[PDB]
Amino acid sequence: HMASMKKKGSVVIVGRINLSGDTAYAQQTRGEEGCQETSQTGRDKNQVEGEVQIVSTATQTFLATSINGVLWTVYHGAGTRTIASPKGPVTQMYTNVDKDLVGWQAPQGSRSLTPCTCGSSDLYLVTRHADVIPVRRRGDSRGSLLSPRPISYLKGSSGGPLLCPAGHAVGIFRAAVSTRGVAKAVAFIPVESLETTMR
Ligand SMILES: COc1ccc2nc(C)c(O[C@@H]3C[C@H]4C(=O)N[C@]5(C(=O)NS(=O)(=O)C6(C)CC6)C[C@H]5/C=C\CCCCC[C@H](NC(=O)OCC5(C(F)(F)F)CC5)C(=O)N4C3)nc2c1
Ligand SMILES: [Zn+2]
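Quick note, the sequence shown lines up with residues 982 to 1180 if you use the entry's author numbering.
Here is the structure:
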């Protein structure tokens, strides 16, 4: 309406969780200054690698996971925002507030996880600190931590994957179930729900 109205920035990839070796570890690929500038321009010329990205807006940081050629994350992190890319902002390909789910085309250079068809309930949650947390699946969209810990340790990991023993994607971490600040269970978007959304 006004000549003063501002536009929200793009989501920016600022790092990744490295899962390629024997040791999981977080890597930062962009610092806060370049992140702020890239959010405004939407132009990110940095090379993207791997499956799990660390992403940030001006106000939040969380994770994003490539499965089947789509970079997925949570709506409560990304809203309807574009993601920065070498050629400018990229509009979401999937948006579903009812699932807390959004998706963009996976970045050039990323690797995608394969959707799990194992039917296994022994899962592993990957956090933004590269902790690999055993989680027993307890329903279509819930799992229990085998070793509970304060919600602090899970904050910022929405958008991260739950994996099966074979390293396939089983879901996208959405929310934590807490008792007196201790995370006992997690909610996630099952990969079948992503596979449906893709149709
Ligand atoms: C606006 O449009 C939408 C549409 C759909 C939608 N859907 C949601 C389920 C939702 O929930 C909110 C965000 C999420 C969260 O914090 N997500 C992280 C995370 O890390 N975020 S993040 O990266 O820090 C951040 C904020 C940058 C992006 C993984 C958590 C980690 C720690 C928990 C912190 C305390 C919070 C504990 C809380 N618990 C819970 O609500 O339980 C409910 C429930 C459940 F089953 F769990 F769903 C019925 C029992 C929780 O987890 N919330 C609250 N907001 C929305 C909003
Ligand atoms: Zn599997």
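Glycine included, C-beta positions come from ideal geometry on N, C-alpha and C.
Straight through space, the alpha carbons of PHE1154 and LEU1082 are spaced by roughly 10 Å. Here DSSP, grouped into helix, strand and coil, assigns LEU1135 to coil.
In the same chain as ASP1103, and ignoring 5 residues on each side of it, the C-beta atoms closer than 8 Å to its own belong to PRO1115, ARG1117, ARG1118, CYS1145 and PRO1146, in chain order.
Per DSSP, the unbroken beta strand (DSSP E) holding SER1159 starts and ends at 1150-1160. Proximity to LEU1143 across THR1022, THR1063 and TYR1105 peaks at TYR1105, based on C-alpha coordinates. A straight-line Cα-Cα distance of about 10 Å links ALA1156 and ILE1170. Taking C-beta atoms under 8 Å as the contact rule, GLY1148 and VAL1033 fail to qualify, at a distance of about 12 Å.
Taking all protein chains shown into account, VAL1078 has fewer than 16 neighbouring C-beta atoms within 10 Å of its C-beta and is therefore exposed. By the neighbour-count criterion, in which a residue is buried when 16 or more other Cβ atoms sit within 10 angstroms of its Cβ, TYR1056 is buried. Within a 10 Å sphere around the beta-carbon of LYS1080 sit 16 or more other beta-carbons, which makes this residue buried. Residue environment: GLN1073 is assigned as buried (16 or more neighbouring CB atoms within 10 Å of its CB, all protein chains considered). Annotated as proximal: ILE994 and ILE1064, with beta-carbon spacing under 9 Å.
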